[PDB]
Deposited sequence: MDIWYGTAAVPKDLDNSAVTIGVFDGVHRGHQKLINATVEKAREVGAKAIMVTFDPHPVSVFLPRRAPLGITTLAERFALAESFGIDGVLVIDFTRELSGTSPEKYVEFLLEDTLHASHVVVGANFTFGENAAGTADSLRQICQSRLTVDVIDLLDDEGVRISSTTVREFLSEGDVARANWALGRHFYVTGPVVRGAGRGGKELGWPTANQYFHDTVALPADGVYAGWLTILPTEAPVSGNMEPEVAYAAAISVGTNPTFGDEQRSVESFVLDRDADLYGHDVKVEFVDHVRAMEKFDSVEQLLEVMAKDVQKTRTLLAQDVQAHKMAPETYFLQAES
């Protein structure tokens, strides 16, 4: 998949495309409908399936540093867009182009001149152009005879509107199971394992910037995977195997994620590690003794073992290769 930064980077010789436009934060199940429709039409005509997306977040252009939290990083947005069949991602920076542009000139510049689009697929909530006056309905009429437009209703399921907004709310509530439900996969973060405490001490510590969306402080059951690597691994964990883990999300009074991998002793310093969240286990608490702390640690392991045993049975969610022991 090509990734282009700004309209000028798009090849001039690209002759046909089917295009979808959004922030696409999280690439949730709504987002998947748009991508699915776009990919299929691209295949039909033998053109490229293009996603136009935005970075920085368009909200942060108008209201700096009050951008909504990033459900996925830009890099993961690319990975997800690819896994669903996107051929090219065009990334638009509104501080550089397409802000002052009118609905008419936007379609003309972006969709025709730049992307050579025969098809465009947007959500009903789609807006574009100076002061967001462009709508889905605008787009259908401005594209009359020029290109075909398919406007897709926002995904409603089980009485919940599935959007970036609702995924963020669930995450903020610590309800990762509903977030997972809206995303169509286990919510995850990835990052390098740092030195933590030293070398009840966690299998892995990671830190995330405050723009990263994360589950409420608390303890979750989930899976930890050492991303593909030739680097030596200290201990009895292997790369590319999803290992059962009790996960503590905390706030330095910058958010930390501490992972206790069940039934393994490893030290993951230096490695890049994926943490997938499955279910909530408990709220954060203060500890006043080593005894009390380990007691609670063990109850977390038991509850985690239980939740993940269930998770495995929903195998559309569960990883390919996992490691989960029946007991200690």
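Participant: Missing C-alpha stretches, by deposited numbering?
Facilitator: 200-204, 259-263 are the stretches of the deposited chain that have no C-alpha coordinates in the structure.
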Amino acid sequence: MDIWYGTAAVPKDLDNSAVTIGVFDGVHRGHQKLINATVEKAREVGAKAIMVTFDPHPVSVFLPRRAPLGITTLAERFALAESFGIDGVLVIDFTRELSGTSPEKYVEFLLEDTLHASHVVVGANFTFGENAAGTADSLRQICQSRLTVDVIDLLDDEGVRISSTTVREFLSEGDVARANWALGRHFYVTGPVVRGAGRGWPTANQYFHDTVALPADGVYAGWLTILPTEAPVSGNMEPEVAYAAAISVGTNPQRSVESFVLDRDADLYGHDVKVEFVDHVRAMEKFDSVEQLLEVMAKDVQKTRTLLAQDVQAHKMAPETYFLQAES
From here on, numbers count along this sequence of modelled residues.
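Participant: On average, are the C-alpha B-factors higher in 30-38 or in 290-298?
Facilitator: Taking the mean B-factor of the alpha carbons in each, 290-298 is higher.
Participant: In the PDB record, does 139-147 or 160-168 carry the higher mean Cα temperature factor?
Facilitator: Higher mean C-alpha B-factor: 139-147.
Participant: Check the PDB entry and point out which of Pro192, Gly174, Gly88, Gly196 has the largest C-alpha temperature factor.
Facilitator: Among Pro192, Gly174, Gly88, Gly196, the highest C-alpha B-factor in the entry belongs to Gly196.
Participant: Which of these has the highest Cα B-factor in the record: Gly184, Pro239, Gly129, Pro215?
Facilitator: Across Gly184, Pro239, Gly129, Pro215, the entry lists the biggest C-alpha B-factor for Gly129.
Participant: Among the modelled residues of its chain, does the C-alpha B-factor of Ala221 lie in the lowest, middle or highest third?
Facilitator: Bottom third by C-alpha B-factor.
Participant: Considering every modelled residue of the chain and its Cα B-factor in the PDB entry, is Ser83 in the lowest, middle or highest third?
Facilitator: Ranked within chain, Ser83 CA B lands in the middle tercile.
Participant: Which third of the chain does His271 land in by C-alpha B-factor: lowest, middle or highest?
Facilitator: Within its chain, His271 is a middle-third residue by C-alpha B-factor, going by the deposited values.
Participant: Would you mind checking where the Cα B-factor of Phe62 ranks among the modelled residues of its chain, as the lowest, middle or highest third?
Facilitator: CA B-factor rank for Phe62: highest third.
Participant: Can you tell me which third, lowest, middle or highest, the CA B-factor of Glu97 falls into for its chain?
Facilitator: Top third by C-alpha B-factor.
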